[PDB]
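Chemist: heads up, no residue letters with this:
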Ligand SMILES: [Zn+2]
Ligand SMILES: [Zn+2]
Ligand SMILES: [Zn+2]
């Protein structure tokens, strides 16, 4: 198992949901993109901004223990628990 558990637990969001988050707007405040983050938790669908604005992604991460956040600006995933950037595979193949 050469992968992070935090992210390995969360799923993936559809383009439909990401499209709204990619619009460049925070679900908590009104900072307006670019540079916006979105909860990677397949079960969660919240839009927050990183430390570059109000670190909403961090706060939300603690509140819901969601240490997975992906910036819609570069389409990159980040792991708070691991304390680094991670990548989300498109296809697994377990079941
Ligand atoms: Zn915000
Ligand atoms: Zn969340
Ligand atoms: Zn991790």
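Modeler: Structure's in. What do you need? Residues are numbered from 1 along each chain as shown. Ligands and ions are numbered 1, 2, ... in the order given.
Chemist: this protein: helices as residue ranges?
Modeler: Along the chain, the segments classed as helices by DSSP state H run 5-9, 15-21, 56-63.
Chemist: ranking those helices by burial, who's on top?
Modeler: Scoring those by mean neighbour count under mean count of other Cβ atoms under 10 Å gives helix 56-63 as the most buried, with a mean of 18. (Each C-beta comes from the backbone N, C-alpha and C, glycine too.)
Chemist: do that one and ligand 1 come into contact?
Modeler: Yes. Helix 56-63 reaches ligand 1 (Cβ under 5 Å from the ion) through residue 56.
Chemist: so which elements touch that helix?
Modeler: strand 37-39, strand 47-48, strand 68-71 (3 or more Cβ pairs under 8 Å, 6 or more residues apart in numbering; DSSP states H and E).
Chemist: what residues does it touch?
Modeler: The contact list for helix 56-63, computed with Cβ atoms under 8 Å, 6 or more residues apart in numbering, reads 26, 28-29, 37, 39, 46, 48-51, 66-69, 78, 80.
Chemist: find the centremost residue of the protein, please.
Modeler: Central residue check for the chain by Cα atoms, centre = their mean: the C-alpha nearest the mean position is that of residue 69, 2.3 Å away.
Chemist: could I get the helices and strands packed on helix 56-63 as JSON lines with distance to ligand 3?
Modeler: Converted to JSON lines, these look like this (distance: least, Cβ to the ion, whole Å):
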{"stretch": "strand 37-39", "distance to ligand 3": "15"}
{"stretch": "strand 47-48", "distance to ligand 3": "18"}
{"stretch": "strand 68-71", "distance to ligand 3": "8"}
